[PDB]
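As structure tokens, the structure follows; a few thoughts come after it.
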Amino acid sequence: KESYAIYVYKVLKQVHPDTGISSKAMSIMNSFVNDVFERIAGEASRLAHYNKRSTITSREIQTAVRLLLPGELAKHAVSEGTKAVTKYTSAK
Amino acid sequence: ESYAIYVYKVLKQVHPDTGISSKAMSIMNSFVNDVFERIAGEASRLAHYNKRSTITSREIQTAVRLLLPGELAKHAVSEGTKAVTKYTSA
Amino acid sequence: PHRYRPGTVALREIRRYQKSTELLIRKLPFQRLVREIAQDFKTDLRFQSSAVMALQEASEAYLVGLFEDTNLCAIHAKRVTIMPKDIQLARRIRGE
Amino acid sequence: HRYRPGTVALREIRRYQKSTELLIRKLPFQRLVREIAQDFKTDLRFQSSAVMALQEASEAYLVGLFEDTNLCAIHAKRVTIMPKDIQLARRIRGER
Amino acid sequence: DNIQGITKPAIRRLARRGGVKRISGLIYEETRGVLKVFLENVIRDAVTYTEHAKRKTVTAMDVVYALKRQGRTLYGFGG
Amino acid sequence: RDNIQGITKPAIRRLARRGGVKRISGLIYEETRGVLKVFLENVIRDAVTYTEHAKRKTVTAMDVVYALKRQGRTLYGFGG
Amino acid sequence: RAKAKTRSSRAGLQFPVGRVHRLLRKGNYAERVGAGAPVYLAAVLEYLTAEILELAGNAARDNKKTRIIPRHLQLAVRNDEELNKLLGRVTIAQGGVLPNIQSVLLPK
Amino acid sequence: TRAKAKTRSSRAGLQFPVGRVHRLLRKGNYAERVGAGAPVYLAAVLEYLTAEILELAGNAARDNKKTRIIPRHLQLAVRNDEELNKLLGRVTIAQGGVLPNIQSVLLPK
DNA sequence: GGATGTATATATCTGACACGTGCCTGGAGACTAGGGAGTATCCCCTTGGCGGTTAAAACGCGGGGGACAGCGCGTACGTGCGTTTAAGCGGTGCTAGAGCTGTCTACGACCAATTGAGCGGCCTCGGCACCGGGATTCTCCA
DNA sequence: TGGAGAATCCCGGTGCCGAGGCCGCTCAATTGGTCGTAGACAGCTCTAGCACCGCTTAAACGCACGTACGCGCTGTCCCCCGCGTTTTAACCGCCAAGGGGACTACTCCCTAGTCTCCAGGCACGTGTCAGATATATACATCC
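Chains as they are written, first to last, in UniProt numbering: chain A, 35 to 126; chain B, 36 to 125; chain C, 39 to 134; chain D, 40 to 135; chain E, 25 to 103; chain F, 24 to 103; chain G, 12 to 119; chain H, 11 to 119.
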């Protein structure tokens, strides 16, 4: 069974070095990541089906993030995603 | 592509002297599309839950049982089973 | 002259506007309100007529449902008059 | 001695909003779950985690309903909750 | 300042359709604010759906998708 | 049978104290028992439908999670 | 070959089995779609369509109208408890609301 | 013959897996095709949201003098922020509790 | 101004979090192939303006009824205390059934040819909106 | 309670536009065969679920008392409803510019598919540190 536990632990040690986490909190974080993933992927699928497109690009994920996430959260999430996409394209 | 002629066929089966307007046909077409999307999304979700890649009539049956309220669900399962039994035997 | 008691014309209006199907807000002021709301998001934006009619139908249905909940909040406080506290109570319970 | 009527309720509010534990005892809720489930399917099995998920969801639902009930009773200028407040909150949410 | 075009008799008619018998004088400003918040929430999603499609016109289907996005599904304009 | 009385009056009182209620009527408890019975009937009916679609005789936690997710009452902490 | 018989004809249905089948293929629901699932879903959609249309025709006959307008569909859906529960987050355009005045507002 | 294996997350500067998100998008029956930048974008968004939740949860744990995050701190993190409460409005956190709120009409004078 | 609920500080236990190690399997590199979409005139339709007209909105005035504050009362919850009772923990026993694996076979994807069903266009007549007259509730006042 | 007047219901005539039927035709559903794989079926294992028993103890239950509070009643005065009049601007019809949505062709680059392989991640095991608990002192509320 796959889970996001080591990744959430990596982000936690990236932002709070002397702070741990419990197993139930890790399960809640895994459920949160799965719920957000399902929401954004479903909204991107609906965006692709409405626009008669058969692919999901970064544009569909950006529009899904703007549609789902509230304001400042959406702005910072679009900034983080665009930064990651530019870093991924600049490095081969 | 619309469900207009099929809704008209069902209307003349039910109410042979009663017609339907254009806005009412648009609303009925939207109703059919919405209920189709609900049942098909529930069937897709329940296929993904049970590690199946096929939407069978059982998936549609339990999606109808999950979505529709009691008497509507019981009757809709009844015509679904009747139609599948008629289709397989003929 | 002839003068109706307060509440008779109100109940007559309730029966008249619950029997009818028409749109109650004027069309062109609502259209201008839609364009001034949309110009805060994107400039030089066009609108289909059917989009404005869809917004008006959704907004009127939302306001009528909110007024029903507001009326029941006012009746809960042993009142007939609706105040903003009834609307705020309804949107608090709905989660808005 | 005897405390005034209301202060122990305020300490109960402070010590139960500070805590996370399940306010309903496990065995009566489990027997209620198997009593309700017997009407749908006969001779069922239940995981412990399924009953705990049902209990967490039920306690969260009842706490949110009591919050809406409390603000409904405050809207009627009362500090006592009554079943009409519960019925009004369930109507405005859409559960009735 | 076209929120004042949502007139007080229009709010009175909408309350009559909701079965409201008697209306306070401060209802109308709150109703205009509620209508502005609701229209902002729907119009923002409609503009987002339009900008994803690379268009300048907000269609009725953009409004229908925006209303289905927060569970206010509208029957009669397509779908 | 008659297991709705196991949801005691102090349990409903404790839930009301968590909900911020200072004073409770005596007719609240039967109403809360009916509300809880309706909610549990809906969620357990959906979970029984889920576990009978999968040809199991055991109701799992994930079945309850999907039963609550259908009703817009998503629950974290159980693998959802 | 033989005579071309419609899949809706051998299922005893008026809704199209083939169109629902091709919408289940192209809707990106699952990788595979069985044979009896479109027959089942077409029967379910035909039943729900008949359930709304019967009460809509009854409401049109109650208002002395031969045709069905959206007001009749709104009466048909909202006046039935199961249809109001199914379509509780659905706005029917040009549908209005039911006549419902509370008892405390009527004169004594 | 083959070059050194570099992960797609390290090229994006991310900690969440790009490849797992790409696999879950491909088998999730979302679309017929999935672009290359979509898992990178989605992993970045998920990592940012995880970082925001863990920021406010670590602050809530520090305020209660505890160096481990329990579900109560996650509930404080989500419900004490307006946008995270808007994102998780229909979400119940197990063992999460409620925020301490007593109405002003119930408090003694 | 005397009586309780709880911060605050020091010791001890324990069990669950975190780190180390080994296998394994899924992601990554490299290559190819093919099809999705990105980019380059035309008619629908959206916006902008003018004039008339007339329905609706704004405004002012009177008054009446309803919100709201105060007050009394009677009762029904809150609180506290003594008795009971069954939840909770620990332990044992056993047996259904969840979950995994192997086999094979039926069934659905897929392709090619055929053909009839449904869709766009067009024409027609009848259901319904509207106007006018007159009878039937229906509300308010002396 | 009767009567004046206002609103509403019923009946008939008229015109209109939109629903309903007919027709060409094209395109999507049907038919028939093939093929590979998803899943039904049998079996086995061992995991977790159910049943039962003892005990000890926290919590529920029952009862008594009294006081806070819900609720009915009364007055008052203000705010909103009703209605007539005047202003305003919405609505309908008509007419142009012109921006922009929709269709089509092509060509290219992006992404699915596959083989190989190896390192990231998962399962397992262990020691060790963070809460939980217990008790004395003193601070913060309560009546």
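All residues carry an ideal CB built from backbone N, CA and C; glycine is no exception.
Consult DSSP for residue i and reduce its assignment to one of helix, strand or coil.
i	result
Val82/F	strand
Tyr41/A	helix
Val115/G	coil
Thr89/A	strand
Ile55/A	strand
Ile62/A	helix
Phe105/D	helix
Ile113/D	helix
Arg50/D	helix
residue 4/H	The requested residue 4/H is not part of the displayed model; chain H covers only 11 to 119.
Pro33/E	helix
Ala125/B	coil
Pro49/H	helix
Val108/G	coil
Mark residue i as exposed unless 16 or more other C-beta atoms lie within 10 angstroms of its C-beta, in which case mark it buried.
i	result
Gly105/B	exposed
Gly68/G	buried
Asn111/H	exposed
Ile131/C	buried
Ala87/G	buried
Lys58/B	buried
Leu66/D	exposed
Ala92/D	buried
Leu50/E	exposed
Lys109/A	exposed
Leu46/A	buried
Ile63/G	buried
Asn109/D	buried
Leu117/H	exposed
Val44/G	buried
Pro51/B	exposed
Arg41/E	buried
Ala13/H	exposed
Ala34/F	buried
Which residues in chain B sit within 7 Å of residue i, going by Cβ to Cβ distance?
i	result
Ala77/F	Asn85
Interface residues of chain D around residue i at Cβ under 7 Å?
i	result
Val108/H	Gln56, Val102
Determine which residues share a DSSP beta bridge with residue i and list them.
i	result
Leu98/E	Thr102/G
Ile120/C	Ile47/E
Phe85/C	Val82/E
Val44/G	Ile90/B
For residue i, return the contacting residues in chain E, with the cut-off set at a CB-CB distance below 7 Å.
i	result
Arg100/A	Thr72
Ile63/G	Going along chain E, no residue has its Cβ under 7 Å from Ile63/G, so there is no contact; the nearest lies around 11 Å.
Mind listing the chain G neighbours of residue i? Cutoff is C-beta to C-beta under 9 Å, in chain order.
i	result
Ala39/B	The premise fails here: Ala39/B is roughly 11 Å from chain G at the closest Cβ pair, so nothing lies under 9 Å.
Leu98/E	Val101, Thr102, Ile103, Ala104
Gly102/E	The contacting residues do not exist; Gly102/E stays about 11 Å from chain G at best.
What does residue i touch in chain F if you count any residue whose Cβ is under 7 Å from its own?
i	result
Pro118/H	Simply none; closest approach about 10 Å.
I want to verify the contact list: residues of chain B whose CB lies under 9 Å from the CB of residue i, in sequence order.
i	result
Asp25/F	By Cβ distance, chain B contributes nothing, its closest Cβ being about 25 Å from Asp25/F, past 9 Å.
Give the residues of chain E in contact with residue i, contact being defined as C-beta atoms less than 8 Å apart.
i	result
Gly45/C	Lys45, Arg46
For residue i, which residues in chain E fall below 9 Å Cβ to Cβ?
i	result
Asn39/G	Within chain E, no residue comes near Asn39/G; the closest Cβ sits about 17 Å away, beyond 9 Å.
Can you list the residues of chain F that residue i reaches, using a CB-CB cut of under 8 Å?
i	result
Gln113/H	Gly43
How would you list, in chain order, the residues of chain C whose beta-carbon sits under 8 Å from the beta-carbon of residue i?
i	result
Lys80/E	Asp82, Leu83, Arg84
Can you pull the chain G neighbours of residue i, defined as C-beta to C-beta under 7 Å?
i	result
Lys44/B	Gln25
Along chain D, in chain order, which residues have C-beta atoms closer than 8 Å to that of residue i?
i	result
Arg93/F	Under the 8 Å cutoff, chain D gives no residues; its nearest Cβ is about 12 Å from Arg93/F.
**Study point:** Contact list for the region 48-70 of chain B against chain E, Cβ threshold 7 Å
**Key:** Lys58, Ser61, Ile62, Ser65, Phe66, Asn68, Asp69
Practice item. For the region 70-102 of chain H, enumerate the residues whose C-beta is nearer than 9 Å to any C-beta of chain D, in chain order. Key: For the region 70-102 of chain H, residues whose beta-carbon sits nearer than 9 Å to a beta-carbon of chain D comprise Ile80, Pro81, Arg82, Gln85, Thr102.
Check your understanding: Using Cβ-Cβ distances below 7 Å, what residues of the region 110-122 of chain C are close to chain E?
Key -> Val118, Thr119, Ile120, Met121, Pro122
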